[PDB]
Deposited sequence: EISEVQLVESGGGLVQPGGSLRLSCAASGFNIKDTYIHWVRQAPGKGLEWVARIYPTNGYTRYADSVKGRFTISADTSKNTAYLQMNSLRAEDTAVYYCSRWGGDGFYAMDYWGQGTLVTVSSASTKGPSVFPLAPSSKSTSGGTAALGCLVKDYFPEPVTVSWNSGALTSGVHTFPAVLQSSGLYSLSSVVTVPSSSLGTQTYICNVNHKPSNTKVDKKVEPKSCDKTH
C-alpha cells in the first residue's frame, strides 16, 4: 500500500485545557525517518512546532510551544502523537502531521490533511439547516447552514453524486458568535420537479448530520 498520514483528535477546547492529536502512518515504518507537526493559524503561514525520531524517542520543539506540547511515537502502532497542554487562543490552527523523506532527504514529501484545533470558551452548537429555494435556462438552489460552533461543516449534494457547479461558501462569524454558511448549486431548470435535490450537512463536533430537500 501507499504512503499516507492521517491526523485525528482535533476539536474544540477551553483555554488552559489539554488535547491529544494522533497521526497514523501507512506504507512505511515511522522508524525510518522523522515525523513533524506543523501548524497554520487562520489566514497565516506555516509554523513548524515539533519533531520526533521514533526509534530512540529524541524530540525538539519550537520555542512557541516548548514546555506545553509533547510529541511521541508508538512504533508498534506506527502512529505519532502531540500532547497539547495549557492551551491558548493563539494555538488555534490547523495542525498537520508531516515527515522527512528519509536519511538523505530533509524536505517534507508527505503531509496529512490536517486537523483543526479551536481554543475557546464558547460551547458546541449544532446548525439549523434551511433551504434556499429556486424559482423563475439555468436554476440556482442551496441550503443555509446556520447558527453553529465551532468550525467546520461539510456539505455535499445528492450523497456526493452532484459536484458540478457547486459552491460552498466560507463561514462567516455572526455577531452572536456563531458561524453561518450557504452552499449553492446551479442546475438546468428542466430538472425541477423531475429530479429532487438534497444537501448532506455534517457537523461532527455536535454529531449533527442532516439531509434537506430543496424545492419550490
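Residues of the deposited sequence lacking C-alpha coordinates, counted from 1, fall in the stretches 1-2, 139-143, 224-230.
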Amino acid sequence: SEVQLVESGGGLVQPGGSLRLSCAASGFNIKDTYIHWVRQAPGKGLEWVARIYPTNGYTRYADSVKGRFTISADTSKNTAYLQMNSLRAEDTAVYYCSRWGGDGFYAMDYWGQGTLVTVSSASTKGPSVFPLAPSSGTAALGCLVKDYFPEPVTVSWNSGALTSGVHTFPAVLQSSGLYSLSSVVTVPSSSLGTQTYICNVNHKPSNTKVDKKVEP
From here on, numbers count along this sequence of modelled residues.
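If you average the C-alpha B-factors over 21-29 and over 192-200, the higher value belongs to 192-200. Set against one another, the Cα B-factors of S64, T55, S159, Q174 in the record reach their highest point at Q174. In the PDB entry, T59 places in the lowest third of its chain by CA B-factor.
The deposited CA B-factor of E90 belongs to the middle third of values across its chain. Among the modelled residues of its chain, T163 has a C-alpha B-factor that falls in the lowest third according to the deposited record. When all modelled residues of the chain are sorted by CA temperature factor, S180 is found within the highest third. In this PDB entry, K44 carries a Cα temperature factor that places it within the highest third of its chain's modelled residues.
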